[PDB]
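> File input17.cif follows (mmCIF, C-alpha atoms; chains and numbers go by the auth columns):
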data_my_file
loop_
_atom_site.group_PDB
_atom_site.id
_atom_site.type_symbol
_atom_site.label_atom_id
_atom_site.label_comp_id
_atom_site.label_asym_id
_atom_site.label_seq_id
_atom_site.Cartn_x
_atom_site.Cartn_y
_atom_site.Cartn_z
_atom_site.B_iso_or_equiv
_atom_site.auth_seq_id
_atom_site.auth_asym_id
ATOM 1 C CA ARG A 1 -10.553 64.776 54.788 0.00 543 A
ATOM 2 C CA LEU A 2 -10.900 65.534 51.077 0.00 544 A
ATOM 3 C CA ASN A 3 -14.170 65.131 49.172 0.00 545 A
ATOM 4 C CA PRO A 4 -15.088 61.591 47.987 0.00 546 A
ATOM 5 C CA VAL A 5 -15.064 63.178 44.531 0.00 547 A
ATOM 6 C CA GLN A 6 -11.534 64.516 44.734 0.00 548 A
ATOM 7 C CA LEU A 7 -10.552 61.274 46.450 0.00 549 A
ATOM 8 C CA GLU A 8 -11.929 59.167 43.611 0.00 550 A
ATOM 9 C CA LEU A 9 -9.977 61.454 41.311 0.00 551 A
ATOM 10 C CA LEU A 10 -6.806 60.634 43.249 0.00 552 A
ATOM 11 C CA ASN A 11 -7.579 56.974 42.618 0.00 553 A
ATOM 12 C CA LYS A 12 -7.908 57.501 38.879 0.00 554 A
ATOM 13 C CA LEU A 13 -4.833 59.621 39.155 0.00 555 A
ATOM 14 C CA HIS A 14 -3.011 56.901 41.094 0.00 556 A
ATOM 15 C CA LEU A 15 -4.427 54.413 38.604 0.00 557 A
ATOM 16 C CA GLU A 16 -3.624 56.479 35.509 0.00 558 A
ATOM 17 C CA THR A 17 -0.319 58.147 36.393 0.00 559 A
ATOM 18 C CA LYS A 18 0.274 55.772 39.268 0.00 560 A
ATOM 19 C CA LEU A 19 2.954 58.239 40.371 0.00 561 A
ATOM 20 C CA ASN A 20 2.374 57.336 44.010 0.00 562 A
ATOM 21 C CA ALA A 21 -0.781 58.570 45.741 0.00 563 A
ATOM 22 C CA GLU A 22 0.758 61.162 48.077 0.00 564 A
ATOM 23 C CA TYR A 23 2.507 62.570 45.031 0.00 565 A
ATOM 24 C CA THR A 24 -0.463 61.897 42.765 0.00 566 A
ATOM 25 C CA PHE A 25 -2.348 64.117 45.182 0.00 567 A
ATOM 26 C CA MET A 26 0.421 66.682 44.807 0.00 568 A
ATOM 27 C CA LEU A 27 -0.741 66.495 41.208 0.00 569 A
ATOM 28 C CA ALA A 28 -4.421 66.604 42.113 0.00 570 A
ATOM 29 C CA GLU A 29 -3.587 69.959 43.592 0.00 571 A
ATOM 30 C CA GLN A 30 -0.871 71.096 41.198 0.00 572 A
ATOM 31 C CA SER A 31 -3.334 70.231 38.435 0.00 573 A
ATOM 32 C CA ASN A 32 -6.154 72.409 39.785 0.00 574 A
ATOM 33 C CA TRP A 33 -8.045 69.159 40.415 0.00 575 A
ATOM 34 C CA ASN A 34 -9.138 69.118 36.767 0.00 576 A
ATOM 35 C CA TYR A 35 -8.304 65.599 35.640 0.00 577 A
ATOM 36 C CA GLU A 36 -7.492 65.784 31.955 0.00 578 A
ATOM 37 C CA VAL A 37 -4.787 68.236 32.973 0.00 579 A
ATOM 38 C CA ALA A 38 -3.996 66.093 35.981 0.00 580 A
ATOM 39 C CA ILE A 39 -3.228 63.111 33.781 0.00 581 A
ATOM 40 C CA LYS A 40 -1.354 65.342 31.368 0.00 582 A
ATOM 41 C CA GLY A 41 0.058 66.825 34.561 0.00 583 A
ATOM 42 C CA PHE A 42 1.935 63.625 35.264 0.00 584 A
ATOM 43 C CA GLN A 43 2.732 63.315 31.603 0.00 585 A
ATOM 44 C CA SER A 44 3.644 67.014 31.909 0.00 586 A
ATOM 45 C CA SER A 45 6.704 67.607 34.077 0.00 587 A
ATOM 46 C CA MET A 46 7.904 64.017 33.632 0.00 588 A
ATOM 47 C CA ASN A 47 11.492 65.157 34.132 0.00 589 A
ATOM 48 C CA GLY A 48 11.736 65.876 37.855 0.00 590 A
ATOM 49 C CA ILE A 49 9.370 63.355 39.437 0.00 591 A
ATOM 50 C CA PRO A 50 11.527 60.923 41.530 0.00 592 A
ATOM 51 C CA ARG A 51 11.481 57.141 41.705 0.00 593 A
ATOM 52 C CA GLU A 52 9.464 57.453 44.890 0.00 594 A
ATOM 53 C CA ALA A 53 6.672 59.391 43.260 0.00 595 A
ATOM 54 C CA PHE A 54 6.898 57.465 40.008 0.00 596 A
ATOM 55 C CA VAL A 55 6.213 53.852 40.935 0.00 597 A
ATOM 56 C CA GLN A 56 6.654 51.784 37.760 0.00 598 A
ATOM 57 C CA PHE A 57 4.611 54.487 36.009 0.00 599 A
ATOM 58 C CA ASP B 1 9.386 66.170 50.451 0.00 1 B
ATOM 59 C CA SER B 2 7.440 68.561 48.229 0.00 2 B
ATOM 60 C CA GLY B 3 7.720 71.692 46.089 0.00 3 B
ATOM 61 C CA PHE B 4 7.331 69.522 42.993 0.00 4 B
ATOM 62 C CA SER B 5 4.997 70.584 40.163 0.00 5 B
ATOM 63 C CA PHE B 6 3.214 68.895 37.242 0.00 6 B
ATOM 64 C CA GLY B 7 0.969 70.509 34.626 0.00 7 B
ATOM 65 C CA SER B 8 2.721 73.558 33.180 0.00 8 B
ATOM 66 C CA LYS B 9 1.833 75.966 35.984 0.00 9 B
#
Hey, can you dump this file as structure tokens for me?


Amino acid sequence: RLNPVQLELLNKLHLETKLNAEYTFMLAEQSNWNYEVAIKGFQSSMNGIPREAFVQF
Amino acid sequence: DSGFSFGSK
């Protein structure tokens, strides 16, 4: 599923926030699938994300 | 799990 575009975004998201894909996706959706906000998204909450979602990032 | 949020929604 998902559109190769949104997917690629997940990659950048999992390669920029690296907060675990599954979760990163949670961000790809909780971020309106923007990007800039996505990134910031991770860097946003950064106070509730677990160790499972945040993998060394 | 889920229900988590990022960018100030």

> With all atoms listed in the file considered, list every residue of chain B at most 8 Å from chain A, as a PyMOL selection string.

chain B and resi 4-9

> Determine the nearest neighbour of residue 559 of chain A from the options A:543, A:599, A:576, A:594, counting all atoms listed in the file.

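Among the listed residues, A:599 lies closest to residue 559 of chain A.
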
> Rounded to one decimal in Å, what is the spacing between atom CA of residue 597 of chain A and atom CA of residue 577 of chain A?

19.4 Å

> So how far away is atom CA of residue 578 of chain A from atom CA of residue 555 of chain A, in Å?

9.8 Å

> Taking all listed atoms of segment 572-591 of chain A, build the axis-aligned box, pad each of the six sides by 6 Å, then write its centre and edge lengths in Å to one decimal as lines of an AutoDock Vina configuration file.


center_x = 1.3
center_y = 67.8
center_z = 36.3
size_x = 32.9
size_y = 21.3
size_z = 21.8

> Expand the PyMOL selection byres ((chain A and resi 552) around 7) into the individual residues it matches in the shown file, reporting them as a short mmCIF file (atom, residue, chain, number, x, y, z; two decimals) with C-alpha atoms, keeping the file's coordinate frame.


data_model
loop_
_atom_site.label_atom_id
_atom_site.label_comp_id
_atom_site.auth_asym_id
_atom_site.auth_seq_id
_atom_site.Cartn_x
_atom_site.Cartn_y
_atom_site.Cartn_z
CA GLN A 548 -11.53 64.52 44.73
CA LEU A 549 -10.55 61.27 46.45
CA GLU A 550 -11.93 59.17 43.61
CA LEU A 551 -9.98 61.45 41.31
CA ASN A 553 -7.58 56.97 42.62
CA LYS A 554 -7.91 57.50 38.88
CA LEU A 555 -4.83 59.62 39.16
CA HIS A 556 -3.01 56.90 41.09
CA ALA A 563 -0.78 58.57 45.74
CA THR A 566 -0.46 61.90 42.76
CA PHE A 567 -2.35 64.12 45.18
CA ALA A 570 -4.42 66.60 42.11
#

> Complete the atom set of segment 553-570 of chain A to N, CA and C atoms and return it as a tab-separated table (two decimals), in the coordinates of the input.


chain	number	residue	atom	x	y	z
A	553	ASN	N	-7.64	58.37	43.01
A	553	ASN	CA	-7.58	56.97	42.62
A	553	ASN	C	-7.30	56.85	41.12
A	554	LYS	N	-8.10	57.54	40.31
A	554	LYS	CA	-7.91	57.50	38.88
A	554	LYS	C	-6.52	58.03	38.58
A	555	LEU	N	-6.13	59.03	39.34
A	555	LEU	CA	-4.83	59.62	39.16
A	555	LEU	C	-3.75	58.63	39.57
A	556	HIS	N	-3.99	57.89	40.65
A	556	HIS	CA	-3.01	56.90	41.09
A	556	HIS	C	-3.16	55.63	40.29
A	557	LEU	N	-4.19	55.58	39.44
A	557	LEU	CA	-4.43	54.41	38.60
A	557	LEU	C	-4.16	54.75	37.14
A	558	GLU	N	-3.91	56.03	36.87
A	558	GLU	CA	-3.62	56.48	35.51
A	558	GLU	C	-2.17	56.93	35.40
A	559	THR	N	-1.71	57.71	36.38
A	559	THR	CA	-0.32	58.15	36.39
A	559	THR	C	0.44	57.28	37.38
A	560	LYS	N	-0.31	56.65	38.27
A	560	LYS	CA	0.27	55.77	39.27
A	560	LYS	C	1.59	56.34	39.81
A	561	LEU	N	1.72	57.66	39.85
A	561	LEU	CA	2.95	58.24	40.37
A	561	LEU	C	2.87	58.41	41.88
A	562	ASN	N	2.47	57.34	42.55
A	562	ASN	CA	2.37	57.34	44.01
A	562	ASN	C	1.29	58.30	44.48
A	563	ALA	N	0.32	57.76	45.23
A	563	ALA	CA	-0.78	58.57	45.74
A	563	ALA	C	-0.29	59.91	46.26
A	564	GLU	N	0.26	59.92	47.48
A	564	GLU	CA	0.76	61.16	48.08
A	564	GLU	C	1.16	62.15	46.99
A	565	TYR	N	2.07	61.72	46.12
A	565	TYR	CA	2.51	62.57	45.03
A	565	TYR	C	1.35	62.82	44.08
A	566	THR	N	0.68	61.75	43.66
A	566	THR	CA	-0.46	61.90	42.76
A	566	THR	C	-1.35	63.03	43.28
A	567	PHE	N	-1.56	63.06	44.59
A	567	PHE	CA	-2.35	64.12	45.18
A	567	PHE	C	-1.65	65.44	44.90
A	568	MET	N	-0.33	65.47	45.10
A	568	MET	CA	0.42	66.68	44.81
A	568	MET	C	0.02	67.16	43.42
A	569	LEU	N	-0.32	66.20	42.57
A	569	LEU	CA	-0.74	66.50	41.21
A	569	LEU	C	-2.22	66.89	41.17
A	570	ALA	N	-3.01	66.30	42.06
A	570	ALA	CA	-4.42	66.60	42.11
A	570	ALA	C	-4.59	68.04	42.53
